[PDB]
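Each of the two blocks below gives one form of the same protein chain as structure tokens; they are labelled structure 1 and structure 2.
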Structure 1
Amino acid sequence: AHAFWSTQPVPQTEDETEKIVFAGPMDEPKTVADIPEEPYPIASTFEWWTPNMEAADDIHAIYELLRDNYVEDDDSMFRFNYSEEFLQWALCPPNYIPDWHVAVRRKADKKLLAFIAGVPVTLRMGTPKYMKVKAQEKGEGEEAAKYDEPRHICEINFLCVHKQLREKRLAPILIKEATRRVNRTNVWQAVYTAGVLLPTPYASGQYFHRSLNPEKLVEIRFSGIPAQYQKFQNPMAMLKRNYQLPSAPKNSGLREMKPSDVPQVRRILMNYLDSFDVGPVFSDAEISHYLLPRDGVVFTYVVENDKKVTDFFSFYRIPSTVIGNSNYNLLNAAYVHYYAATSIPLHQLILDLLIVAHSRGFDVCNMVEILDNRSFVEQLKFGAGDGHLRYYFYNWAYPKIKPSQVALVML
């Protein structure tokens, strides 16, 4: 039983999803005027709050809530510690809607107790290529293609209820109130990811990580150990030797991205992302926002040959609190973001990402097996983690697809 999810416009079982052939809406069509004007009722001790993401103190409140109460892994070894600067970046992209950031505070003392964030995204989410094929053989092309145009929808992230308030059914109210504010803007679909299984993903992929600072990494789980390394003499030396990387990028032509690279980066990224079934469409302002280097937050490099950008990669920083281990309390992780390769194999481009991250002091590089991320796992010594990222739509029927048909990176 899902007392909440059974009431929502999502496919209810894997079986139902396995039946889906064309992209399209689940719900009755509705209009903005059908949607309540007033926020969803909540207990009189609580209030709704729309944080001002331009206010340092509002970003700090969100930061603290997530630092202490956001996502942990299954064994509670790590909890994400998104930084304030990271939050301001992720929550405030071009044309963001301040009303879509939704918080619940205790009225008496203004303690933040819960948060959910929506940002706008323009997403391709029409019927996948493999079904557009079944549709032709069968004579139904126009129907299969009806929703091919990129849609301006909502991307949901940072859902978080304070640990003191867990299992009190607060998450459904947050989700209902966000849905109301997005629908009041004449938006009827959302996309979201989670590490938990809910009804019902259209895709799921494993996490993969690449050790950059193995001495620290093995210590968090906790020398001896790894099992396979004990079996010889200088095991720490063998671990360091296995994961060592060059001090400097190998690709001549590599350099940090600059504002004048925006058009070229936009073009080579959009030609690449277009090949996938689900993927975002970015304007120049969105490329500038999500890809231009920002200290501590997002790191982007291009390969430039004869003043032409031919390849690029990006990664962003999310440190995690290390939970029990006393010595090291933060793990500095670099996450593979968007990239495009036209002049060199993908593994050669991403080796430079690992070199740069390592040189900048990151301990590990992490990613999900979306995009073409599988194509460099073995050669660059990534290993599968224990997590799986599931992709979801709200109010959108969508066939099941492989994660290598997904091009949307969620922060």
Structure 2
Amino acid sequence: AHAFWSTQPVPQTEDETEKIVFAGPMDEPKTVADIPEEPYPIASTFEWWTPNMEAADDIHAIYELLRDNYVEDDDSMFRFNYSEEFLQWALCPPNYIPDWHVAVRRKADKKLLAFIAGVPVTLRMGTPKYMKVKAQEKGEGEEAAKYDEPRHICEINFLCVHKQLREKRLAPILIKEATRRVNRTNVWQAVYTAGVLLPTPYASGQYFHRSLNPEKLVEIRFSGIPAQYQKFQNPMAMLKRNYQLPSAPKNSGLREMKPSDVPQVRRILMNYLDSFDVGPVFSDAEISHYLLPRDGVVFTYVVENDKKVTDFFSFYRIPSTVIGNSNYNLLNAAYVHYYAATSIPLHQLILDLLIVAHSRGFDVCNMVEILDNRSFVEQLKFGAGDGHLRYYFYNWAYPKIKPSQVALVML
């Protein structure tokens, strides 16, 4: 059934995954000198290209590929429209490796046909808590702890093959060439997410959506007027009423994050993320990059009490193209990013996220049920959507975990 994935160092079935008791590698330990130094062969009408993320045209090329060919919902009504500013942010974190960004161009006209991106991430990915307990019970604690140290790996995103080149087996060639470039830098695991089921996730969760401009969401058929709002004489005013929000944040002490906040946000986030099995470790430079406000891209607020940062939240923007509607072209969505609460209940922190997003013109707030996101779904009127996000590793055995034990937000 899987001509390419059956060749790769990943768990092949759920049955195999339910047998995994320790974290660790799947593949032959290899070394850098064993890996081919030459790019993977590709047909003579194509060429490999390494975009220059400091070049505006190169970012534009990648932008147009993804605006016209990247992921859609399952009914082909919405397609992501990541902005050029967001791709420069997401692709160029501290100490990014230019060669981990891999593209195929048609050699004739230099048309971008395919793309995949890798960035560094420092991930805790040792054996999870529930499995470490079984280990203790069998007298296998040392095997179970072997790979506890945070590891410097590759996070993969933005895989895309142009619609005219679909189902020609171009994606496996792009994946093999990214793997080669990453293994040439002495990194042997990756982490990625997908909406589709592939062999084989270590965690899966639903997406949730909090309506901020319900009249537009209904108009573009992102949501409907739900059948129950029919027993009512007037269905939309009632829907607006249901989702209305304050005009200003309710936490006194909330403000935008500034550079001098970086070391306090680092400490409070790192302490919070320790409570999850799988999660990133960020330096001060990586907190600056991922969390300092950037117009149109990432939005971050802290709660300051007695001149100390005690809580914060962040959200990022990804608009979607609305595939043909006469009144609207764009869905403006905010996505819950990292957060940490120490002074107030998480629901009261995240209400201010919704208030800020709504006053900044966002139509919906989205999240996956990772972190402690399930703890504010009902009070903040999030509803499950039709999608899921599945988390995967390349070359890493990992016991199945709940999505509430995952702390890596993927952009």
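Sequence positions of structure 1, starting at 1, serve as the residue numbers. Definition used throughout: the rigid core is the maximal C-alpha set that superposes within 1.5 Å between two forms.
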Among 133, 330, 165, 225, which is the residue that shifts its C-alpha 2 Å or more between the two structures, core superposed? 225
What Cα shift, in Å, does residue 68 show between the two structures once the core is superposed? 0.2
Once both forms are fitted on the core, what is the Cα shift for residue 77 between the two structures in Å? 1.3
Once the core is aligned, what is the C-alpha displacement of residue 234 between the two structures? Give it in Å to one decimal. 2.1
